[PDB]
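What follows is structure-v7.cif (mmCIF, N, CA and C atoms).
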data_protein
loop_
_atom_site.label_atom_id
_atom_site.label_comp_id
_atom_site.auth_asym_id
_atom_site.auth_seq_id
_atom_site.Cartn_x
_atom_site.Cartn_y
_atom_site.Cartn_z
N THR A 1 3.68 -5.55 -20.36
CA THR A 1 3.66 -4.73 -19.08
C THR A 1 3.12 -5.58 -17.92
N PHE A 2 2.06 -6.38 -18.15
CA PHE A 2 1.48 -7.34 -17.16
C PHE A 2 2.58 -8.30 -16.68
N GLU A 3 3.36 -8.83 -17.62
CA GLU A 3 4.50 -9.76 -17.35
C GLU A 3 5.54 -9.04 -16.47
N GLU A 4 5.83 -7.78 -16.80
CA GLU A 4 6.80 -6.91 -16.07
C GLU A 4 6.24 -6.54 -14.69
N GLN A 5 4.92 -6.32 -14.59
CA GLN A 5 4.20 -6.01 -13.31
C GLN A 5 4.32 -7.22 -12.36
N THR A 6 4.08 -8.43 -12.87
CA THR A 6 4.20 -9.72 -12.12
C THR A 6 5.62 -9.86 -11.57
N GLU A 7 6.63 -9.53 -12.39
CA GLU A 7 8.08 -9.61 -12.04
C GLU A 7 8.35 -8.71 -10.82
N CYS A 8 7.98 -7.43 -10.92
CA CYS A 8 8.12 -6.39 -9.85
C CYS A 8 7.47 -6.87 -8.55
N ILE A 9 6.20 -7.28 -8.64
CA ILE A 9 5.36 -7.73 -7.48
C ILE A 9 6.09 -8.86 -6.74
N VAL A 10 6.50 -9.91 -7.45
CA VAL A 10 7.19 -11.11 -6.88
C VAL A 10 8.54 -10.68 -6.27
N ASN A 11 9.23 -9.71 -6.90
CA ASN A 11 10.52 -9.14 -6.40
C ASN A 11 10.25 -8.37 -5.10
N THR A 12 9.25 -7.48 -5.10
CA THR A 12 8.85 -6.64 -3.93
C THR A 12 8.51 -7.55 -2.75
N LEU A 13 7.55 -8.47 -2.94
CA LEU A 13 7.14 -9.49 -1.93
C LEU A 13 8.40 -10.11 -1.29
N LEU A 14 9.34 -10.56 -2.13
CA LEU A 14 10.57 -11.30 -1.72
C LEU A 14 11.51 -10.38 -0.92
N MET A 15 11.78 -9.18 -1.44
CA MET A 15 12.68 -8.17 -0.80
C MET A 15 12.11 -7.74 0.56
N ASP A 16 10.78 -7.66 0.68
CA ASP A 16 10.06 -7.28 1.93
C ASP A 16 10.20 -8.41 2.96
N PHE A 17 10.08 -9.67 2.52
CA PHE A 17 10.25 -10.89 3.37
C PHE A 17 11.69 -10.95 3.89
N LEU A 18 12.67 -10.84 2.98
CA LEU A 18 14.12 -11.00 3.27
C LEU A 18 14.64 -9.81 4.09
N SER A 19 14.33 -8.58 3.65
CA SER A 19 14.90 -7.31 4.19
C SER A 19 13.79 -6.30 4.51
N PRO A 20 13.30 -6.24 5.79
CA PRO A 20 12.38 -5.17 6.21
C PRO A 20 12.97 -3.75 6.16
N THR A 21 14.31 -3.62 6.24
CA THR A 21 15.04 -2.32 6.10
C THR A 21 14.74 -1.73 4.71
N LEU A 22 14.80 -2.57 3.68
CA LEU A 22 14.59 -2.20 2.25
C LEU A 22 13.11 -1.82 2.03
N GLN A 23 12.19 -2.56 2.66
CA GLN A 23 10.72 -2.29 2.65
C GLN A 23 10.46 -0.85 3.11
N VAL A 24 11.08 -0.45 4.23
CA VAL A 24 10.90 0.89 4.88
C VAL A 24 11.69 1.95 4.10
N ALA A 25 12.95 1.65 3.74
CA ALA A 25 13.95 2.63 3.24
C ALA A 25 13.70 3.00 1.76
N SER A 26 12.94 2.18 1.02
CA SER A 26 12.62 2.40 -0.42
C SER A 26 11.64 3.59 -0.56
N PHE A 27 1.10 2.98 -10.87
CA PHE A 27 1.37 1.57 -10.46
C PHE A 27 2.19 1.57 -9.16
N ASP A 28 1.52 1.30 -8.02
CA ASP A 28 2.12 1.29 -6.66
C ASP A 28 2.23 -0.17 -6.18
N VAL A 29 3.42 -0.77 -6.34
CA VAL A 29 3.73 -2.21 -6.01
C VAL A 29 3.54 -2.46 -4.50
N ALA A 30 3.87 -1.46 -3.66
CA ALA A 30 3.84 -1.55 -2.17
C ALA A 30 2.42 -1.90 -1.69
N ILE A 31 1.40 -1.24 -2.24
CA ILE A 31 -0.05 -1.46 -1.90
C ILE A 31 -0.44 -2.87 -2.36
N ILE A 32 -0.07 -3.24 -3.59
CA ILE A 32 -0.39 -4.55 -4.23
C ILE A 32 0.24 -5.66 -3.37
N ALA A 33 1.55 -5.54 -3.09
CA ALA A 33 2.33 -6.45 -2.21
C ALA A 33 1.61 -6.62 -0.86
N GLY A 34 1.01 -5.54 -0.34
CA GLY A 34 0.22 -5.54 0.91
C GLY A 34 -1.03 -6.41 0.80
N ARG A 35 -1.79 -6.26 -0.30
CA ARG A 35 -3.09 -6.96 -0.54
C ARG A 35 -2.85 -8.45 -0.80
N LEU A 36 -1.76 -8.80 -1.52
CA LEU A 36 -1.36 -10.21 -1.79
C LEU A 36 -0.90 -10.87 -0.48
N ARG A 37 -0.25 -10.10 0.42
CA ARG A 37 0.17 -10.57 1.77
C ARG A 37 -1.08 -10.78 2.65
N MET A 38 -2.01 -9.82 2.64
CA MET A 38 -3.32 -9.90 3.35
C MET A 38 -4.08 -11.15 2.87
N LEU A 39 -4.08 -11.39 1.55
CA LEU A 39 -4.69 -12.59 0.90
C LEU A 39 -3.91 -13.84 1.31
N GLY A 40 -2.57 -13.78 1.22
CA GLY A 40 -1.65 -14.89 1.55
C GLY A 40 -1.89 -15.46 2.94
N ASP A 41 -2.23 -14.60 3.91
CA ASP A 41 -2.37 -14.95 5.35
C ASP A 41 -3.71 -15.68 5.61
N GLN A 42 -4.63 -15.70 4.64
CA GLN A 42 -5.95 -16.41 4.75
C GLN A 42 -5.72 -17.93 4.64
N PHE A 43 -4.60 -18.36 4.04
CA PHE A 43 -4.16 -19.78 3.99
C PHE A 43 -3.52 -20.16 5.33
N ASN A 44 -4.02 -21.23 5.96
CA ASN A 44 -3.53 -21.76 7.27
C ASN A 44 -3.17 -23.26 7.15
N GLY A 45 -3.16 -23.81 5.92
CA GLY A 45 -2.82 -25.22 5.65
C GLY A 45 -1.35 -25.51 5.89
N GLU A 46 -1.00 -26.79 6.07
CA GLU A 46 0.40 -27.26 6.33
C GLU A 46 1.27 -26.97 5.10
N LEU A 47 2.41 -26.28 5.29
CA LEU A 47 3.33 -25.81 4.21
C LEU A 47 4.72 -26.46 4.33
N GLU A 48 5.08 -27.01 5.51
CA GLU A 48 6.46 -27.54 5.81
C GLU A 48 6.87 -28.54 4.73
N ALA A 49 6.01 -29.53 4.45
CA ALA A 49 6.23 -30.60 3.44
C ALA A 49 6.41 -29.97 2.06
N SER A 50 5.47 -29.11 1.65
CA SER A 50 5.42 -28.43 0.33
C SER A 50 6.68 -27.60 0.10
N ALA A 51 6.97 -26.66 1.01
CA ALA A 51 8.13 -25.73 0.96
C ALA A 51 9.42 -26.52 0.75
N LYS A 52 9.63 -27.58 1.54
CA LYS A 52 10.86 -28.43 1.52
C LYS A 52 11.07 -29.03 0.12
N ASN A 53 10.00 -29.59 -0.47
CA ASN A 53 10.02 -30.26 -1.80
C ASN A 53 10.35 -29.24 -2.89
N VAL A 54 9.64 -28.10 -2.90
CA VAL A 54 9.80 -27.00 -3.89
C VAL A 54 11.24 -26.46 -3.79
N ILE A 55 11.75 -26.24 -2.56
CA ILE A 55 13.15 -25.79 -2.28
C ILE A 55 14.12 -26.82 -2.88
N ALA A 56 13.92 -28.11 -2.56
CA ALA A 56 14.82 -29.24 -2.94
C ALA A 56 15.00 -29.30 -4.46
N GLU A 57 13.89 -29.25 -5.22
CA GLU A 57 13.90 -29.29 -6.72
C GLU A 57 14.49 -27.98 -7.27
N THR A 58 14.28 -26.86 -6.56
CA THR A 58 14.79 -25.50 -6.95
C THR A 58 16.32 -25.51 -6.97
N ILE A 59 16.95 -26.14 -5.97
CA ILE A 59 18.43 -26.32 -5.89
C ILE A 59 18.88 -27.11 -7.12
N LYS A 60 18.21 -28.24 -7.39
CA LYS A 60 18.54 -29.20 -8.48
C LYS A 60 18.34 -28.53 -9.85
N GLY A 61 17.39 -27.58 -9.95
CA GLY A 61 17.08 -26.81 -11.18
C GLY A 61 15.87 -27.38 -11.91
N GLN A 62 14.85 -27.82 -11.15
CA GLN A 62 13.58 -28.38 -11.67
C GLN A 62 12.40 -27.75 -10.90
N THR A 63 12.46 -26.42 -10.68
CA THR A 63 11.45 -25.63 -9.91
C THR A 63 10.10 -25.68 -10.63
N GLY A 64 10.10 -25.39 -11.94
CA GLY A 64 8.89 -25.25 -12.78
C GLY A 64 7.87 -26.36 -12.54
N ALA A 65 8.30 -27.62 -12.66
CA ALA A 65 7.45 -28.84 -12.56
C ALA A 65 6.77 -28.89 -11.18
N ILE A 66 7.56 -28.86 -10.10
CA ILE A 66 7.10 -29.14 -8.71
C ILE A 66 6.32 -27.92 -8.16
N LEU A 67 6.76 -26.69 -8.48
CA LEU A 67 6.19 -25.43 -7.92
C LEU A 67 4.70 -25.31 -8.29
N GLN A 68 4.37 -25.47 -9.57
CA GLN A 68 2.98 -25.35 -10.10
C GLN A 68 2.12 -26.47 -9.50
N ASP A 69 2.61 -27.72 -9.52
CA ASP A 69 1.89 -28.93 -9.02
C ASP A 69 1.61 -28.77 -7.51
N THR A 70 2.58 -28.23 -6.76
CA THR A 70 2.48 -27.98 -5.29
C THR A 70 1.32 -27.02 -5.01
N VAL A 71 1.30 -25.87 -5.69
CA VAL A 71 0.30 -24.77 -5.48
C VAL A 71 -1.08 -25.25 -5.94
N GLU A 72 -1.15 -25.98 -7.07
CA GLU A 72 -2.41 -26.51 -7.66
C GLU A 72 -3.01 -27.59 -6.74
N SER A 73 -2.16 -28.37 -6.06
CA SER A 73 -2.56 -29.42 -5.08
C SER A 73 -3.12 -28.77 -3.81
N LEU A 74 -2.39 -27.79 -3.25
CA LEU A 74 -2.76 -27.06 -2.00
C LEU A 74 -4.04 -26.23 -2.23
N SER A 75 -4.20 -25.67 -3.44
CA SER A 75 -5.34 -24.79 -3.83
C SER A 75 -6.61 -25.64 -4.05
N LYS A 76 -6.47 -26.81 -4.69
CA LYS A 76 -7.59 -27.78 -4.93
C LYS A 76 -8.08 -28.33 -3.57
N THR A 77 -7.14 -28.65 -2.67
CA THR A 77 -7.40 -29.10 -1.27
C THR A 77 -8.21 -28.03 -0.52
N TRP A 78 -7.78 -26.77 -0.62
CA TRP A 78 -8.38 -25.60 0.08
C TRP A 78 -9.74 -25.25 -0.54
N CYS A 79 -9.85 -25.34 -1.87
CA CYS A 79 -11.10 -25.11 -2.65
C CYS A 79 -12.11 -26.25 -2.38
N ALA A 80 -11.62 -27.46 -2.12
CA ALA A 80 -12.43 -28.66 -1.79
C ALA A 80 -13.12 -28.46 -0.43
N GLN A 81 -12.45 -27.78 0.51
CA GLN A 81 -12.92 -27.56 1.91
C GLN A 81 -13.47 -26.13 2.08
N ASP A 82 -13.47 -25.32 1.01
CA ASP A 82 -14.07 -23.95 0.99
C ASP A 82 -14.68 -23.70 -0.40
N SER A 83 -16.01 -23.84 -0.51
CA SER A 83 -16.81 -23.65 -1.75
C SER A 83 -16.79 -22.17 -2.18
N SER A 84 -16.73 -21.24 -1.22
CA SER A 84 -16.76 -19.77 -1.43
C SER A 84 -15.52 -19.30 -2.22
N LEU A 85 -14.37 -19.92 -1.96
CA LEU A 85 -13.04 -19.51 -2.51
C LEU A 85 -12.94 -19.91 -3.99
N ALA A 86 -12.70 -18.93 -4.87
CA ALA A 86 -12.36 -19.13 -6.30
C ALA A 86 -10.96 -19.75 -6.40
N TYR A 87 -10.79 -20.75 -7.27
CA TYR A 87 -9.52 -21.51 -7.48
C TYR A 87 -8.37 -20.54 -7.78
N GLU A 88 -8.62 -19.56 -8.65
CA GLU A 88 -7.59 -18.62 -9.18
C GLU A 88 -7.10 -17.69 -8.06
N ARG A 89 -7.96 -17.39 -7.08
CA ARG A 89 -7.64 -16.55 -5.90
C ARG A 89 -6.85 -17.39 -4.88
N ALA A 90 -7.27 -18.65 -4.67
CA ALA A 90 -6.57 -19.66 -3.82
C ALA A 90 -5.14 -19.83 -4.33
N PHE A 91 -4.99 -20.02 -5.64
CA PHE A 91 -3.70 -20.19 -6.36
C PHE A 91 -2.71 -19.09 -5.93
N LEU A 92 -3.10 -17.82 -6.10
CA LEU A 92 -2.27 -16.62 -5.76
C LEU A 92 -1.93 -16.64 -4.27
N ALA A 93 -2.95 -16.76 -3.41
CA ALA A 93 -2.83 -16.81 -1.93
C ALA A 93 -1.73 -17.80 -1.53
N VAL A 94 -1.82 -19.04 -2.02
CA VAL A 94 -0.86 -20.16 -1.73
C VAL A 94 0.54 -19.76 -2.23
N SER A 95 0.63 -19.21 -3.45
CA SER A 95 1.90 -18.76 -4.11
C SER A 95 2.64 -17.78 -3.19
N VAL A 96 1.91 -16.81 -2.61
CA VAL A 96 2.46 -15.75 -1.71
C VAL A 96 2.94 -16.40 -0.40
N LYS A 97 2.05 -17.13 0.28
CA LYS A 97 2.30 -17.73 1.62
C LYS A 97 3.42 -18.78 1.54
N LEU A 98 3.51 -19.50 0.41
CA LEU A 98 4.58 -20.50 0.15
C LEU A 98 5.92 -19.78 -0.04
N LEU A 99 5.92 -18.65 -0.76
CA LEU A 99 7.10 -17.76 -0.95
C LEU A 99 7.55 -17.22 0.42
N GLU A 100 6.59 -16.85 1.28
CA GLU A 100 6.81 -16.32 2.65
C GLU A 100 7.52 -17.39 3.50
N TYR A 101 6.97 -18.61 3.55
CA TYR A 101 7.48 -19.74 4.37
C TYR A 101 8.87 -20.16 3.86
N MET A 102 9.08 -20.16 2.54
CA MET A 102 10.35 -20.58 1.89
C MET A 102 11.47 -19.56 2.19
N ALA A 103 11.12 -18.29 2.44
CA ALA A 103 12.06 -17.20 2.79
C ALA A 103 12.52 -17.36 4.25
N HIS A 104 11.58 -17.64 5.16
CA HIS A 104 11.82 -17.87 6.61
C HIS A 104 12.67 -19.14 6.82
N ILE A 105 12.34 -20.21 6.09
CA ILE A 105 12.88 -21.59 6.29
C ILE A 105 14.21 -21.75 5.53
N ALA A 106 14.40 -21.01 4.43
CA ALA A 106 15.59 -21.11 3.54
C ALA A 106 15.85 -19.77 2.83
N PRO A 107 16.32 -18.72 3.55
CA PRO A 107 16.60 -17.42 2.93
C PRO A 107 17.81 -17.39 1.97
N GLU A 108 18.67 -18.41 2.00
CA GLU A 108 19.92 -18.49 1.18
C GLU A 108 19.58 -18.90 -0.27
N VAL A 109 18.43 -19.58 -0.48
CA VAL A 109 18.06 -20.21 -1.80
C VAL A 109 16.67 -19.73 -2.29
N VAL A 110 15.83 -19.15 -1.41
CA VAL A 110 14.43 -18.70 -1.74
C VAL A 110 14.46 -17.78 -2.98
N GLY A 111 15.52 -16.98 -3.15
CA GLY A 111 15.70 -16.04 -4.27
C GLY A 111 15.66 -16.73 -5.63
N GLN A 112 16.13 -17.99 -5.70
CA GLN A 112 16.18 -18.81 -6.94
C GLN A 112 14.76 -19.29 -7.34
N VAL A 113 13.73 -18.97 -6.53
CA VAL A 113 12.30 -19.37 -6.76
C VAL A 113 11.55 -18.22 -7.46
N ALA A 114 12.03 -16.97 -7.31
CA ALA A 114 11.38 -15.72 -7.82
C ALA A 114 11.02 -15.87 -9.30
N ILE A 115 12.01 -16.19 -10.15
CA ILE A 115 11.87 -16.30 -11.64
C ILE A 115 10.84 -17.40 -11.97
N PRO A 116 11.03 -18.67 -11.50
CA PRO A 116 10.01 -19.72 -11.67
C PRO A 116 8.56 -19.30 -11.36
N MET A 117 8.33 -18.62 -10.22
CA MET A 117 6.98 -18.19 -9.75
C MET A 117 6.45 -17.08 -10.66
N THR A 118 7.33 -16.18 -11.11
CA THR A 118 7.03 -15.11 -12.10
C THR A 118 6.59 -15.77 -13.42
N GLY A 119 7.35 -16.76 -13.89
CA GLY A 119 7.04 -17.56 -15.10
C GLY A 119 5.75 -18.35 -14.94
N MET A 120 5.52 -18.92 -13.74
CA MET A 120 4.31 -19.72 -13.40
C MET A 120 3.06 -18.85 -13.53
N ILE A 121 3.04 -17.68 -12.87
CA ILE A 121 1.87 -16.75 -12.82
C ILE A 121 1.63 -16.16 -14.23
N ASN A 122 2.70 -15.74 -14.91
CA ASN A 122 2.64 -15.12 -16.27
C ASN A 122 2.27 -16.18 -17.32
N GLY A 123 2.64 -17.45 -17.08
CA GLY A 123 2.44 -18.57 -18.02
C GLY A 123 1.06 -19.20 -17.89
N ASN A 124 0.38 -19.01 -16.75
CA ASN A 124 -0.94 -19.62 -16.44
C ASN A 124 -2.05 -18.67 -16.93
N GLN A 125 -2.85 -19.11 -17.92
CA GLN A 125 -3.94 -18.31 -18.55
C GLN A 125 -5.07 -18.07 -17.54
N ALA A 126 -5.49 -19.13 -16.82
CA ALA A 126 -6.59 -19.10 -15.81
C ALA A 126 -6.33 -17.98 -14.79
N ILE A 127 -5.11 -17.89 -14.28
CA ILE A 127 -4.69 -16.91 -13.23
C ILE A 127 -4.55 -15.52 -13.87
N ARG A 128 -3.88 -15.44 -15.02
CA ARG A 128 -3.69 -14.18 -15.80
C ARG A 128 -5.07 -13.58 -16.12
N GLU A 129 -5.97 -14.38 -16.72
CA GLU A 129 -7.36 -13.98 -17.09
C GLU A 129 -8.10 -13.47 -15.86
N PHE A 130 -8.02 -14.21 -14.74
CA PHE A 130 -8.69 -13.88 -13.46
C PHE A 130 -8.23 -12.49 -12.98
N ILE A 131 -6.90 -12.30 -12.84
CA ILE A 131 -6.27 -11.03 -12.32
C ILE A 131 -6.71 -9.86 -13.21
N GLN A 132 -6.61 -10.01 -14.53
CA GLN A 132 -6.93 -8.96 -15.54
C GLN A 132 -8.45 -8.69 -15.55
N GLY A 133 -9.27 -9.70 -15.22
CA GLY A 133 -10.74 -9.58 -15.09
C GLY A 133 -11.14 -8.83 -13.82
N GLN A 134 -10.23 -8.72 -12.84
CA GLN A 134 -10.41 -7.95 -11.58
C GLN A 134 -9.87 -6.51 -11.76
N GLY A 135 -9.48 -6.14 -12.99
CA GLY A 135 -8.94 -4.81 -13.34
C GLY A 135 -7.42 -4.76 -13.24
N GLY A 136 -6.76 -5.91 -13.41
CA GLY A 136 -5.29 -6.05 -13.35
C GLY A 136 -4.77 -6.05 -11.91
N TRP A 137 -3.45 -6.19 -11.75
CA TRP A 137 -2.72 -6.16 -10.44
C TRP A 137 -3.15 -4.93 -9.63
N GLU A 138 -3.27 -3.78 -10.30
CA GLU A 138 -3.58 -2.45 -9.69
C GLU A 138 -4.82 -2.55 -8.80
N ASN A 139 -5.87 -3.25 -9.27
CA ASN A 139 -7.22 -3.29 -8.63
C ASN A 139 -7.50 -4.66 -7.98
N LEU A 140 -6.57 -5.62 -8.07
CA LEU A 140 -6.73 -6.96 -7.43
C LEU A 140 -6.76 -6.78 -5.91
N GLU A 141 -7.88 -7.14 -5.27
CA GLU A 141 -8.11 -7.05 -3.80
C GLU A 141 -8.07 -5.58 -3.37
#

Re-express the file's structure as structure tokens.
Amino acid sequence: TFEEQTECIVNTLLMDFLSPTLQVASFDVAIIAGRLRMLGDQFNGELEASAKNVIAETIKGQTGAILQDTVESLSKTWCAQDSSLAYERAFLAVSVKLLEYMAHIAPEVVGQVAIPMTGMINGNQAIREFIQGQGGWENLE
């Protein structure tokens, strides 16, 4: 169900970015999507370089490798310059804001990133353990 919840959340986030009509016209994913977006906007680091690389490998069909390394690099950088921020919270924040920038910059291909990011979040124990330790997606933020 956690794996299925992650899938819905990443789909909702993406559909809201791509189509605001669908956001308006449509376990409450809408509230969760809101809190992850509120969290996502706390990241102000440079994304142009990151987004382009993740998009480029996503076309080629090597999203998994570059996507995780990109978010882990940006999160370690942000955690290095902010002692208060937990790594696992930084990770999610970057994942959301990177998905946001990739939708604005490349809406024709951003959809091919949804499954990789779903697999990334569901596959990472540190992030899964963190979210479930906050009372699951339902109570995160």

What would the selection look like, as an mmCIF file with N, CA and C atoms, in the coordinates of the input, if the PyMOL selection byres (((chain A and resi 96 and name CA) around 12) and name CA) were run on the coordinates I just shared?
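And here is the file that came out, part.cif:
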data_model
loop_
_atom_site.group_PDB
_atom_site.id
_atom_site.type_symbol
_atom_site.label_atom_id
_atom_site.label_comp_id
_atom_site.auth_asym_id
_atom_site.auth_seq_id
_atom_site.Cartn_x
_atom_site.Cartn_y
_atom_site.Cartn_z
ATOM 1 N N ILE A 9 6.200 -7.280 -8.640
ATOM 2 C CA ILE A 9 5.360 -7.730 -7.480
ATOM 3 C C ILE A 9 6.090 -8.860 -6.740
ATOM 4 N N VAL A 10 6.500 -9.910 -7.450
ATOM 5 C CA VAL A 10 7.190 -11.110 -6.880
ATOM 6 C C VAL A 10 8.540 -10.680 -6.270
ATOM 7 N N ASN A 11 9.230 -9.710 -6.900
ATOM 8 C CA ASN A 11 10.520 -9.140 -6.400
ATOM 9 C C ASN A 11 10.250 -8.370 -5.100
ATOM 10 N N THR A 12 9.250 -7.480 -5.100
ATOM 11 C CA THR A 12 8.850 -6.640 -3.930
ATOM 12 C C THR A 12 8.510 -7.550 -2.750
ATOM 13 N N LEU A 13 7.550 -8.470 -2.940
ATOM 14 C CA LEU A 13 7.140 -9.490 -1.930
ATOM 15 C C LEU A 13 8.400 -10.110 -1.290
ATOM 16 N N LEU A 14 9.340 -10.560 -2.130
ATOM 17 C CA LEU A 14 10.570 -11.300 -1.720
ATOM 18 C C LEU A 14 11.510 -10.380 -0.920
ATOM 19 N N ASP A 16 10.780 -7.660 0.680
ATOM 20 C CA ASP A 16 10.060 -7.280 1.930
ATOM 21 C C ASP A 16 10.200 -8.410 2.960
ATOM 22 N N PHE A 17 10.080 -9.670 2.520
ATOM 23 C CA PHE A 17 10.250 -10.890 3.370
ATOM 24 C C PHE A 17 11.690 -10.950 3.890
ATOM 25 N N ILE A 32 -0.070 -3.240 -3.590
ATOM 26 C CA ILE A 32 -0.390 -4.550 -4.230
ATOM 27 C C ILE A 32 0.240 -5.660 -3.370
ATOM 28 N N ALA A 33 1.550 -5.540 -3.090
ATOM 29 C CA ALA A 33 2.330 -6.450 -2.210
ATOM 30 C C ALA A 33 1.610 -6.620 -0.860
ATOM 31 N N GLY A 34 1.010 -5.540 -0.340
ATOM 32 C CA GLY A 34 0.220 -5.540 0.910
ATOM 33 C C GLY A 34 -1.030 -6.410 0.800
ATOM 34 N N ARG A 35 -1.790 -6.260 -0.300
ATOM 35 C CA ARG A 35 -3.090 -6.960 -0.540
ATOM 36 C C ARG A 35 -2.850 -8.450 -0.800
ATOM 37 N N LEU A 36 -1.760 -8.800 -1.520
ATOM 38 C CA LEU A 36 -1.360 -10.210 -1.790
ATOM 39 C C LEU A 36 -0.900 -10.870 -0.480
ATOM 40 N N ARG A 37 -0.250 -10.100 0.420
ATOM 41 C CA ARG A 37 0.170 -10.570 1.770
ATOM 42 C C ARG A 37 -1.080 -10.780 2.650
ATOM 43 N N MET A 38 -2.010 -9.820 2.640
ATOM 44 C CA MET A 38 -3.320 -9.900 3.350
ATOM 45 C C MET A 38 -4.080 -11.150 2.870
ATOM 46 N N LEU A 39 -4.080 -11.390 1.550
ATOM 47 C CA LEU A 39 -4.690 -12.590 0.900
ATOM 48 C C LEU A 39 -3.910 -13.840 1.310
ATOM 49 N N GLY A 40 -2.570 -13.780 1.220
ATOM 50 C CA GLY A 40 -1.650 -14.890 1.550
ATOM 51 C C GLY A 40 -1.890 -15.460 2.940
ATOM 52 N N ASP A 41 -2.230 -14.600 3.910
ATOM 53 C CA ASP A 41 -2.370 -14.950 5.350
ATOM 54 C C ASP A 41 -3.710 -15.680 5.610
ATOM 55 N N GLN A 42 -4.630 -15.700 4.640
ATOM 56 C CA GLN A 42 -5.950 -16.410 4.750
ATOM 57 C C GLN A 42 -5.720 -17.930 4.640
ATOM 58 N N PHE A 43 -4.600 -18.360 4.040
ATOM 59 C CA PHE A 43 -4.160 -19.780 3.990
ATOM 60 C C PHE A 43 -3.520 -20.160 5.330
ATOM 61 N N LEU A 47 2.410 -26.280 5.290
ATOM 62 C CA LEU A 47 3.330 -25.810 4.210
ATOM 63 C C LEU A 47 4.720 -26.460 4.330
ATOM 64 N N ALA A 51 6.970 -26.660 1.010
ATOM 65 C CA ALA A 51 8.130 -25.730 0.960
ATOM 66 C C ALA A 51 9.420 -26.520 0.750
ATOM 67 N N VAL A 71 1.300 -25.870 -5.690
ATOM 68 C CA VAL A 71 0.300 -24.770 -5.480
ATOM 69 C C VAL A 71 -1.080 -25.250 -5.940
ATOM 70 N N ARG A 89 -7.960 -17.390 -7.080
ATOM 71 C CA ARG A 89 -7.640 -16.550 -5.900
ATOM 72 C C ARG A 89 -6.850 -17.390 -4.880
ATOM 73 N N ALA A 90 -7.270 -18.650 -4.670
ATOM 74 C CA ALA A 90 -6.570 -19.660 -3.820
ATOM 75 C C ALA A 90 -5.140 -19.830 -4.330
ATOM 76 N N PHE A 91 -4.990 -20.020 -5.640
ATOM 77 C CA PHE A 91 -3.700 -20.190 -6.360
ATOM 78 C C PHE A 91 -2.710 -19.090 -5.930
ATOM 79 N N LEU A 92 -3.100 -17.820 -6.100
ATOM 80 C CA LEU A 92 -2.270 -16.620 -5.760
ATOM 81 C C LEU A 92 -1.930 -16.640 -4.270
ATOM 82 N N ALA A 93 -2.950 -16.760 -3.410
ATOM 83 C CA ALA A 93 -2.830 -16.810 -1.930
ATOM 84 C C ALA A 93 -1.730 -17.800 -1.530
ATOM 85 N N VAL A 94 -1.820 -19.040 -2.020
ATOM 86 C CA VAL A 94 -0.860 -20.160 -1.730
ATOM 87 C C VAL A 94 0.540 -19.760 -2.230
ATOM 88 N N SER A 95 0.630 -19.210 -3.450
ATOM 89 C CA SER A 95 1.900 -18.760 -4.110
ATOM 90 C C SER A 95 2.640 -17.780 -3.190
ATOM 91 N N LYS A 97 2.050 -17.130 0.280
ATOM 92 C CA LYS A 97 2.300 -17.730 1.620
ATOM 93 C C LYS A 97 3.420 -18.780 1.540
ATOM 94 N N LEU A 98 3.510 -19.500 0.410
ATOM 95 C CA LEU A 98 4.580 -20.500 0.150
ATOM 96 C C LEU A 98 5.920 -19.780 -0.040
ATOM 97 N N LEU A 99 5.920 -18.650 -0.760
ATOM 98 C CA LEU A 99 7.100 -17.760 -0.950
ATOM 99 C C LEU A 99 7.550 -17.220 0.420
ATOM 100 N N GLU A 100 6.590 -16.850 1.280
ATOM 101 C CA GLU A 100 6.810 -16.320 2.650
ATOM 102 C C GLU A 100 7.520 -17.390 3.500
ATOM 103 N N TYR A 101 6.970 -18.610 3.550
ATOM 104 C CA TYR A 101 7.480 -19.740 4.370
ATOM 105 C C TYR A 101 8.870 -20.160 3.860
ATOM 106 N N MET A 102 9.080 -20.160 2.540
ATOM 107 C CA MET A 102 10.350 -20.580 1.890
ATOM 108 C C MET A 102 11.470 -19.560 2.190
ATOM 109 N N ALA A 103 11.120 -18.290 2.440
ATOM 110 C CA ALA A 103 12.060 -17.200 2.790
ATOM 111 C C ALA A 103 12.520 -17.360 4.250
ATOM 112 N N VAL A 113 13.730 -18.970 -6.530
ATOM 113 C CA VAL A 113 12.300 -19.370 -6.760
ATOM 114 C C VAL A 113 11.550 -18.220 -7.460
ATOM 115 N N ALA A 114 12.030 -16.970 -7.310
ATOM 116 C CA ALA A 114 11.380 -15.720 -7.820
ATOM 117 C C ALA A 114 11.020 -15.870 -9.300
ATOM 118 N N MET A 117 8.330 -18.620 -10.220
ATOM 119 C CA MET A 117 6.980 -18.190 -9.750
ATOM 120 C C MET A 117 6.450 -17.080 -10.660
ATOM 121 N N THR A 118 7.330 -16.180 -11.110
ATOM 122 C CA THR A 118 7.030 -15.110 -12.100
ATOM 123 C C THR A 118 6.590 -15.770 -13.420
ATOM 124 N N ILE A 121 3.040 -17.680 -12.870
ATOM 125 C CA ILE A 121 1.870 -16.750 -12.820
ATOM 126 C C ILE A 121 1.630 -16.160 -14.230
#

Give the alpha helix (DSSP H) residues of segment 12-69 of chain A, as assigned by DSSP on the backbone, as a ChimeraX atom specification. /A:12-18,20-25,29-40,48-60,63-69

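Remark: for residue 58 of chain A, the closest of the candidate residues A:109, A:126, A:120, A:8 is A:109 (distances computed over all atoms listed in the file).
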
In Å and to one decimal, atom CA of residue 56 of chain A is distant from atom CA of residue 29 of chain A by 29.4 Å

Find the distance between atom CA of residue 75 of chain A and atom CA of residue 59 of chain A and write it in Å to one decimal.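 A separation of 23.9 Å between them.
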
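Nearest residue to residue 45 of chain A, choosing from A:115, A:110, A:66, A:78 and counting all atoms listed in the file: A:78.
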
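Across the model, the gap from atom C of residue 68 of chain A to atom N of residue 112 of chain A is 16.8 Å.
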